[PDB]
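In order, the protein sequence lines correspond to chains f and A. According to the authors' numbering, the stretch in the first sequence is residues 45 to 355, 367 to 621, 644 to 908, in order. Here the authors' numbering is used: the first residue of the second sequence is 39, the next is one more, and so on.
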Amino acid sequence: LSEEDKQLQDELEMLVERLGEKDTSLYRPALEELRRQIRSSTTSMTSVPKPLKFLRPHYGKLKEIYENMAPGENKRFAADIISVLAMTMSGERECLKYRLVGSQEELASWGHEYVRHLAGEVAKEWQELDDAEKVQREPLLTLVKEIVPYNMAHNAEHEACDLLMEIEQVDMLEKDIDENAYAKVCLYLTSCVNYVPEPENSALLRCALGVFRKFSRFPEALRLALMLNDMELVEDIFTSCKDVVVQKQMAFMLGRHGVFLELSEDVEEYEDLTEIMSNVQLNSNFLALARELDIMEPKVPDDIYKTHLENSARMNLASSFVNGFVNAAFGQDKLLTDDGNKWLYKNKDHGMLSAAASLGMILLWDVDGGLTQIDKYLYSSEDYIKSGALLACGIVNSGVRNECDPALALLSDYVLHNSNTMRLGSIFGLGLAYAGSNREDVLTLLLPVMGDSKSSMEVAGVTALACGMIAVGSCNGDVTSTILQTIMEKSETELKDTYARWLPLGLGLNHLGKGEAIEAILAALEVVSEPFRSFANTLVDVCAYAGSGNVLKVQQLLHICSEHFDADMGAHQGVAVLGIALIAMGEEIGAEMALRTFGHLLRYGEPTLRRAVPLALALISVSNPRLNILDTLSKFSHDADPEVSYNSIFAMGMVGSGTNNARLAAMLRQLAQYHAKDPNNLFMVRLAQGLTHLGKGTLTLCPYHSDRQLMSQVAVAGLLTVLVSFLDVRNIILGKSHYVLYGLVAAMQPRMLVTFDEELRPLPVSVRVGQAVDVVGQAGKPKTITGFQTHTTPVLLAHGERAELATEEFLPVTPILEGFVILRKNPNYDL
Amino acid sequence: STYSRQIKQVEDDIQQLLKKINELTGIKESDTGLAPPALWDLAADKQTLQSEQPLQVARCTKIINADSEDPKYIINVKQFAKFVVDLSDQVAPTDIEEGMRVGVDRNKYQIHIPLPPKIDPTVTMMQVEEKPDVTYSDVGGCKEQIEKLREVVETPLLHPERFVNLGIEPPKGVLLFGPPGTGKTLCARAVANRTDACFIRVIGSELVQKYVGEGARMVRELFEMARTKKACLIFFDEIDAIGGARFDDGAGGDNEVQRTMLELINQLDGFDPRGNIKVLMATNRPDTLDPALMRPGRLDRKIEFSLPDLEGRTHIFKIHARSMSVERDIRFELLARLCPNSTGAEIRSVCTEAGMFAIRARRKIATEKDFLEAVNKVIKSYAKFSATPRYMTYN
Ligand SMILES: Nc1ncnc2c1ncn2[C@@H]1O[C@H](COP(=O)(O)OP(=O)(O)OP(=O)(O)O)[C@@H](O)[C@H]1O
Ligand SMILES: [Mg+2]
């Protein structure tokens, strides 16, 4: 028994005896001495007074002092000792109570651990309190308004965040944000938003947006509003800022995201801002990069096949697809930019459809120059060539918004053509050209095509895909109504055709990421016959919850996948398998968790169940060639089920799409050797080889940009089109409708880091590129990149690779160093 | 700390859930080489065990009456026996040749499947399957050397059409020589990274074997398995281990190693054509190599990796200090001038030691003074242990 411990044990009686005397003259000194005695051990975090823990029963003698008479000073320090003690046991409605009724002085005077426990209890009882107890939170608001600045004082900002999150009162947080902690609190709140459900999703999003707006951090505020898809808020953020350069960077971000604004002519620098937001300069910037990165030389599909190291109509069509994919958006090719008539006629039947359309891929984003090469094939007499060039028009115009619409002009006069092939090219090109535009003129021109009697089921599905791509995520009433009319007008036997599968997809594309706006749509779909009704319902529900991570919807999809059927009735199981990926793709933890579920689906599932797992893997890891998914797909590349093999090979191509991965190229070459005598598998292998070297390794199909926090709805729509069409790869892809692969054009973006001056000229700068590191939690300055290398700015960023300016000569306008970034000379540098 | 109890609760729940999942699915054993149960095609395994009979590996020795309709094949079943058998009905008579390995059944030993030639596993592992992480951009001051190497070992494989049209036979052998640390193996790694054909790395010390004639056997099998590919590259690092000049010292001085070198020479340029193999050897002692090995047709190109000049040393300094957190005004030209005859390895060590000097002083940026101290420590202080002055007499 320690002598000082024995003294504090004496205070359990002698000080209580001082509080046992009737007169109050001995009450104040003893109580004040006890209040300071608590702080005596509170000066050490690990040290706690064990004798007061024996004073817990002694509250019975002190029960009357803190309860039975005036609260001036007698109960004041008497209750605080009980509160400090209540930190030790459960403290249910106790540790809060005495601090609430007792002394109401500065909270941190009683310790950081004590106030942490008090805040936890505050949240716990705030959950308990009902509406009628609104007259019970008067002191609670004061406690939180004093706790939050205290937590921010000692770099415990994250602990502060939980407090207002639990009580659903994050609103006042913006009031107490200082300039030294706004970045950390905003980063933590944004990192939290991927897991909290509605309405706390939007609540947290708007609170962090307000914190950013208060500090004039316009680029990240615009990013955050884009995550909220609040067009009014996008407009408000864009026109609130007075800095022209910051507005230019924000315009670059909007153009990359596919969101466009109609500025007023009164706004200064309207011309250049509109050009930036319309991506008209994207082609020139990409070509300048390629010239700098000395990759302007065209690549023949032979250089990809590498048949000299290896110890037909389908072959030619696959080679044209490879030529289009490898040379995408480069404008030059040794095989079609030359006299391609011999090559183009080397293909037969619908191959001539894709091959000519492939000629539009090399001219991607180059509308002015691309149409100049389309025009020659626009006058071809053969039915396939003209419509292939028509679709190449839209492919060329895809991703760039031209003020004078060329694609609409060239494709309007062929959407009601008597030939179904000219139609087929025209709607698909129009959809690719105006994806994510919600243009009422284009939609009104396109919509009656679906209801036309001459329009075949293939044409109706193509029209649905297009109208969905124009109105992706817009919840367009007209498109929804006409798609419903087309769906319920068709006969039950007509719905057996897989092209009808595209009708819900466009409908699903209409409400992509909207969430709970499908209940009316689902009620409308209930009247549709089965098993098409289940397919349509699953498709639209998944598209509505795309990129949300809602575990409840994933549970529903897994319940759909659970009951297997001894094909015709089991079609929607593949859609559910794809939907697991479509929902889990939002955040990394969910995707890695869903990888195991995909493995289990491949293991226990039926053929139709396991024929879609490769598509789910491709969707969840597109342009992200992580070795686990690649090995999983390789294990099933030579699968007994032909459809599983085709889907696995195409998923291997999509996963490493644009990555130029050497290992994946070796695997694809080995598969080409193995599948030499199988035309379908060899065609899939050639497609995968073409995708793996997409844009000569300078393009990505990943729908997520801005540090994988912003979802590109157009990219999601294109990937969804291709992957859902791959649910019937035998009839659509390997059949006569391989042109649907050009939907990937909607998802093609350059993995870019181009630093511009304040006058938009290129500005080479030394930068560090390395794998992104999560910087949530750990305080101070933690490194956000590991295993990095120093390159000049015109460099391609792989998936998950962040870039930080190596020096401090330039300040970036936006924290996110992706795409086109404007740099400003640092005043502090060269001081 | 308020979430700690719930953190531990959910963590224990997750661990119990993972164990429960592993209970139904699998993931166990792993010492008997069992794949995860998701890959178990047990019905197909049983069907293979029944239908697919085992086949003993034998070697065909002689074909009697190959012309007629009853050709008999003498096979040597390894350590088992020797038999006179006939081909199965599912094998064409022209698919079996004398001296080739075949696979026969255990009942009548009829030849069932022609088999690839036997290759030593040590020879098989010598082929490179993971390309190195070095490109030609990581080699500075060797512009002419890299160009000469690429136009022999890479250009003919990449674009053979430019050579056949003009009746041009490109060189099929390159010897990289120079003092240690000059970049011979670095350039070889760059070649292996850029190459698309089969790349085989052979270290000369790996061709030294305990028994007589074994090294020549490994060389023969290396060139046999190199010929089973349309295009192939063999890298002979430190070829002076076995490539020494032949001599007669009374006793049997280096007779077996000389036989290995003679076998390599015979494979390179002998009675039989070598094939599409393009060999590549690197050594810091080219003066010790045999004159027959140093002859065109075996080593056609002799690329010298001499010490970098001032421009080359500046280029190497830029290469190795690219990712350095250096100051703004580092005079890399001055640093290159301060180490006249220095290999690229010394320059890399100078960069690393400058970084280490900056780190030791708890500084995040290395100044020019740090690079000067690094030059003093590496180029000057360590000059006692420099391999340069002794080895440029050999090159
Ligand atoms: N020309 C060069 N450019 C850049 N770095 C170089 C150059 N030469 C050497 N180095 C560096 O020095 C190291 C020396 O190792 P390397 O394998 O190139 O030596 P080497 O010439 O094969 O030597 P040895 O004869 O002892 O085998 C390389 O790994 C590289 O980091
Ligand atoms: Mg070496």
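We treat Cβ as the ideally placed atom computed from N, Cα and C, and that holds for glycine.
Check whether residue i and residue j have beta carbons under 9 Å apart
i                 : j                 : result
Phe215 of chain A : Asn433 of chain A : yes
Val381 of chain f : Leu778 of chain f : no
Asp143 of chain A : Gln94 of chain A  : yes
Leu248 of chain f : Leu270 of chain f : no
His150 of chain A : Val129 of chain A : yes
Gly656 of chain f : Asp596 of chain f : yes
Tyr103 of chain f : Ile126 of chain f : yes
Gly282 of chain A : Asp292 of chain A : yes
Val504 of chain f : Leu326 of chain f : no
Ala743 of chain f : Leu694 of chain f : no
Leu272 of chain f : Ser235 of chain f : no
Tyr819 of chain f : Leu446 of chain f : yes
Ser467 of chain f : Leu479 of chain f : no
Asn724 of chain f : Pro691 of chain f : yes
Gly242 of chain A : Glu276 of chain A : yes
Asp127 of chain A : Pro152 of chain A : no
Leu271 of chain A : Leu306 of chain A : no
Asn371 of chain f : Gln750 of chain f : no
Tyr429 of chain A : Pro218 of chain A : yes
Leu185 of chain f : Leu144 of chain f : no
Chain-ordered chain f contacts of residue i [CB-CB under 8 Å]
i                : result
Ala76 of chain A : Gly676, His677, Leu679, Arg680
Contact list for residue i against chain A, beta-carbon separation under 7 Å
i                 : result
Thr867 of chain f : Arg360, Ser361
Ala739 of chain f : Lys169
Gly164 of chain f : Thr40
Contact set between residue i and chain f, taken where Cβ atoms lie within less than 9 Å
i                 : result
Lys268 of chain A : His352, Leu353, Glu354, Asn355
Backbone CA spacing between residue i and residue j [nearest angstrom]
i                      : j                 : result
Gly254 of chain f      : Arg400 of chain A : 40 Å
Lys169 of chain A      : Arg740 of chain f : 9 Å
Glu61 of chain f       : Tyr226 of chain f : 51 Å
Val214 of chain f      : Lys509 of chain f : 58 Å
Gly516 of chain f      : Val582 of chain f : 20 Å
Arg688 of chain f      : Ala384 of chain f : 32 Å
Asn493 of chain f      : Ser802 of chain f : 23 Å
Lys397 of chain f      : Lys403 of chain f : 12 Å
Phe409 of chain A      : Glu384 of chain A : 12 Å
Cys530 of chain f      : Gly568 of chain f : 10 Å
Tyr194 of chain f      : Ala152 of chain f : 7 Å
residue 640 of chain f : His202 of chain f : Regarding the residue in question, residue 640 of chain f is not represented: chain f runs 621 and then 644, omitting everything in between.
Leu882 of chain f      : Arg312 of chain A : 53 Å
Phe727 of chain f      : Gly774 of chain f : 17 Å
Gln53 of chain A       : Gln766 of chain f : 41 Å
Neighbour list for residue i in chain f, Cβ cutoff strictly below 7 Å
i                 : result
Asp234 of chain A : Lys350, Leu353
Contact set between residue i and chain A, taken where Cβ atoms lie within less than 9 Å
i                 : result
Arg160 of chain f : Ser39, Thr40
Partner residues on chain A for residue i, Cβ-Cβ distance less than 8 Å
i                 : result
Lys712 of chain f : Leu77
Whole-Å CB distance - residue i paired with residue j, under 8 Å assumed
i                 : j                 : result
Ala661 of chain f : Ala648 of chain f : With 8 Å as the limit, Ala661 of chain f and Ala648 of chain f do not qualify as a contact, their Cβ atoms being about 22 Å apart.
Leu776 of chain f : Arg828 of chain f : 7 Å
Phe261 of chain A : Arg239 of chain A : Contact flag wrong, Cβ pair sits at about 15 Å.
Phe587 of chain f : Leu562 of chain f : With a Cβ gap of about 13 Å, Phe587 of chain f and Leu562 of chain f do not count as contacting.
Per the contact definition of three or more C-beta pairs closer than 8 Å, is the segment 304-321 of chain A in contact with the segment 285-294 of chain A? no
Assess contact between the segment 280-295 of chain f and the segment 794-803 of chain f, defined as three or more Cβ pairs (one per stretch) separated by less than 8 Å. Is contact present? no
Decide if the segment 806-823 of chain f is in contact with the segment 850-869 of chain f; the criterion is three or more beta carbon pairs, one per stretch, under 8 Å apart. no
Counting beta carbon pairs with one atom in the segment 888-903 of chain f and one in the segment 833-852 of chain f, are three or more of them shorter than 8 Å? yes
Determine contact between the segment 145-165 of chain A and the segment 227-234 of chain A, defined as no fewer than three beta-carbon pairs at a distance below 8 Å. no
When the Cβ atoms of the segment 294-307 of chain f are set against those of the segment 346-353 of chain f, are three or more pairs found closer than 8 Å? no
Touch check for the segment 562-581 of chain f and the segment 528-543 of chain f: three-plus C-beta pairs under 8 Å? yes
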